[PDB]
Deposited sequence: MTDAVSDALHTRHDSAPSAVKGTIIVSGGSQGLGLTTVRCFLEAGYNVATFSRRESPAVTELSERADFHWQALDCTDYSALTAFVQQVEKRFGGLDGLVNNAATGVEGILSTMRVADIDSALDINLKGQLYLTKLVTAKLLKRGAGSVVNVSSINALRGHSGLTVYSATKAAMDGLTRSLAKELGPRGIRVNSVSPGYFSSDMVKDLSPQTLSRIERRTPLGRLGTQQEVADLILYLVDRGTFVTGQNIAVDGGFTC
């Protein structure tokens, strides 16, 4: 088994992904801007660890990665999940919102990836999963900048897979479609072949597979969107 860092695990899909690595046998570390009732999990559910952190900061991520390595002695993988949304046509789009969007959604992820990748190269095995989006594959009006940042990570996946392959590390993307998280709903159900929203547990399941049993699979971008995109 081993240890997995899941970025942005304090709520929503990240949290469901944390709660699924833990049941599966892995130690999990995670981080967010603010603490939620990860407080419960802090007591220990496969020994889990959580920290305040700002993902745009390199030396903070360095400390965090280091701590996670002291606490559990090892790293086996990374799930890049942390992303902030950006609705709005590019013409209404405030120039400063583009900058935050590149920093939160692309730069942090690349910083973390550089950090964890370093630890993965020591061990000589590991897997990375970048959680992306169907917007990175299809294109939706008003998600312009968000689509750029997601498709960027999907570009990183193919290239980084060629790079870390020879050192026994796999890298893949998971592109979730519409799932429930806390009445055009109808347009969605009708365009989805499976005719309903997905469940976080179904996305997390996909991720789990690609970390824990995806031995000859790398460079892939799999959509878990009830067929929405196909």
Next item on the list: Could you name the stretches of the deposited sequence that have no C-alpha atoms in this structure?
Entry: 1-20, 203-209
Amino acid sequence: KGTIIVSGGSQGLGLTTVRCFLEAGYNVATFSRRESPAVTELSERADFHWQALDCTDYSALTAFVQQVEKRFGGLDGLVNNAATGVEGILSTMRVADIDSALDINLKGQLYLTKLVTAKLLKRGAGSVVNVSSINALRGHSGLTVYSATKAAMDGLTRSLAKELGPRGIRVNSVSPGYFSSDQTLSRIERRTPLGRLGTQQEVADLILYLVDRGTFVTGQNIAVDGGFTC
From here on, numbers count along this sequence of modelled residues.
Checklist line | Between 51-59 and 161-169 (mean CA B-factor, as deposited), the higher | finding: 51-59
Checklist line | Entry-level comparison of average CA B-factors, 121-129 and 81-89, reporting the higher stretch | finding: 81-89
Check: From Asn27, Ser181, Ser43, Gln201, which pick has the Cα B-factor that tops the rest in the entry?
Finding: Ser181
Item checked: Selection from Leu106, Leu112, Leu137, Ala148 [criterion: highest C-alpha temperature factor in the record] -> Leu106
Item checked: Modelled-residue ranking by C-alpha temperature factor, third containing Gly195 -> middle
Check: For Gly177, does the deposited CA B-factor place it in the lowest, middle or highest third of the chain?
Finding: middle
